[PDB]
Each structure stands twice: as C-alpha cells, then as structure tokens.
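So this first bit is one chain, no partners, the form deposited in one PDB entry, shown in structure tokens.
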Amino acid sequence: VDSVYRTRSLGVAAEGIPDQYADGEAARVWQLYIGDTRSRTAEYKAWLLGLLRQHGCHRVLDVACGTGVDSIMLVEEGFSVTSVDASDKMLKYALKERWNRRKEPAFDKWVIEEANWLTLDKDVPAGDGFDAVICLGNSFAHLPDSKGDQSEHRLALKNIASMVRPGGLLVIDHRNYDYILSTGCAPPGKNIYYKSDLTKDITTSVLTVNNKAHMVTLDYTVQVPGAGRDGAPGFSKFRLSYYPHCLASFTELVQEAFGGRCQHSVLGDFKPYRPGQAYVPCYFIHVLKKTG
C-alpha cells in the first residue's frame, strides 16, 4: 500500500491555467520546430501542383493536416480543400491561420476538421469520395504498431483509401527507412518539402524487438537563436518516434489497402524511382490510383 497524489488528473484542464506540459522546455522547441514549417521547397511546390493539375482532380483531402501549411497552399491554389488531423495540438495552428484569412472567400470555404485514420470512415463523410487525398511529410510513420502485427497500419491505410474516389489519387509518402535502418542514422537537412532554417542535431535510436525492428526514435538538439548569453543561441531538446517503414513492406501494405484494384508507382525524392537506382532517395512518395 503506497501512494502518489497528483494535483490534476492527466488530460484535464482548468481555465486560468496552462495545459499540463504545454509549456515545458521540450514543448517550446517542438513548437518552434513545427513552425520551421514555412520555407517550402520549389521542387515540392512545382511537383504537387503539377501532379494535382495534370490529373485534373480538384477536391483534395489532407489526412495529416497538422499546422496546415500543405493545405494552405492548396487553399491559395484554388482546390476544394478539407483538412483533417488527430492532434488538436497541431490543428489549433491551422484554424488560427484560417480565422485570420476567413475574410478571403477561399479560406472561408476551407474545411479543417478533426479525425483519426483509424476512425476516418466515421469521421469524414466521403460520399462520392475525393479527387485526391494527401498524407505527406512522413506523417503515416507517427502511428506505431503496438500489437506487432501492424493491424492498425492496415486499418489506417484501409480507411484512408476508402476516402479515395474511383479514379481518385492517393499521394502517400514515407522516409527512406531502408537507408536509416541500414546506416542507423537519420540526420537533419533532408526534408524535401520544407527547408528548415533551424540548425539541429539528431541522435538516432533504433529499437528491434525479437529481431524485428519496431521503432525509430529521434532525439533533437535544436540551436534556438537568441536564447543564449550575448546573442548566443540556446540548446533545448525534444523527442519523437516513428515506425521504420521499409519501401517493400509499405508498397504492398498501401496496396492491399485498395484490395488490388489500384495503380501503384513510387517516386524517388520527387523524381521517378527504379530499383538499384544510383541515387538514394531521402523520402519515398507513393502515388496510387483507385480503379473503382
């Protein structure tokens, strides 16, 4: 018989006071980290828009909304964007931006909802489905596999696909985990979508359970400018984890998601990718095409 009475239950709030670990030295950096968001890559801009237009799909579904930068560019670019995400900590940043630009017809017609890839089915009305669904930024790797059988993976995937209209497109990516798993390192400065103007340091931790890799953990040591003595910066650190997804595993995974009635194709970093390829991609973007 022991005891450890804690002030407030975990996951509950009180007005007047900041949410639990909301202002920890680790939450602060991650904040100004998820904010290094804006400095997007031309290659990224020119690729997504061109791919988007080239197939004439207008109704886009972003199932990994987040701060809402991918979607804000789609909103500006004229597509019918509906953004969804499971983290209300992230979504808060999209809605903030929207409100500001609510005066803009486009931004006002912008739909930012909340949803989980595992409940997506009963989280977003599909109806006819959407022209295109995007899940970029290596975001599918955030969802872990507790049961070890990747049952939740197939579900998240199954669901996200059902959001795809027949003829619709699915642009889903993942980091080159084959490479990081092989080398045992996932260094900063490879993100193809948004150039991080933030200097960093990353310690890669790879965990294998009974020989099967199960998780890749990243400990970041960000050099926060101005948080130092005389102009000097500060060094805070935060931690995030992902599931090491191998190109092979994913390719078939994402495929059974459509039950086969699909059209698969894998891009190198943004360019076409063919095995044995001389160039090692830092990301693996899968673009699917539902049959019916």
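Residue numbers run from 1 along the displayed sequence. Just so we're on the same page, rigid core means the largest C-alpha set that superposes within 1.5 Å between forms.
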- Message: Taking the other PDB entries of this protein that cover both neighbours, check whether residue 49 lacks coordinates in at least a third of them.
- Response: no
- Item | Other entries modelling both neighbours but not residue 244, at least a third | no
- Note on the structure: The stretch whose C-alpha atoms carry the larger average B-factor in the entry, 269-277 or 14-22, is 269-277
- Note on the structure: Assert higher mean C-alpha B factor (123-131 or 208-216, deposited values) equals 123-131
- Item | 34, 61, 248, 224, ranked by C-alpha B-factor: the highest one | 224
- Say you rank 232, 65, 29, 254 by Cα B-factor from the PDB entry; which sits at the top? 232
- Note on the structure: In terms of its chain's C-alpha B-factors, the third that includes residue 145 is the middle
- Query: For residue 152, does the deposited CA B-factor place it in the lowest, middle or highest third of the chain?
  - Reply: highest
- Chain-wide C-alpha B factor ranking for residue 90, given as lowest, middle or highest third: lowest
- Among the modelled residues of its chain, does the C-alpha B-factor of residue 163 lie in the lowest, middle or highest third? lowest
- Sorting the chain's CA B-factors, does residue 288 end up in the lowest, middle or highest third? middle
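There is also a form deposited in another entry; it is not shown, and the following applies to it.
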- Query: So which one of 262, 266, 246, 32 actually moves, Cα shift of 2 Å or more between the shown form and the other one once the core is superposed?
  - Reply: 32
- residue 236 C-alpha moves between the shown form and the other one by 2 Å or more, core aligned: yes
- Task: Tell me, please, whether between the shown form and the other one the C-alpha of residue 107 is shifted by 2 Å or more, with the rigid core used for superposition.
- Result: no
- Would you tell me if residue 179 moves between the shown form and the other one by 2 Å or more at its C-alpha, with the rigid core held superposed? no
- Message: Thinking of the 3 angstroms or more shift, are the C-alphas of residue 283 and residue 27 brought closer or pushed farther apart in the other form than in this view?
- Response: closer
- Note on the structure: One pair moves by 3 angstroms or more in the other form: the C-alpha atoms of residue 34 and residue 89, which are farther
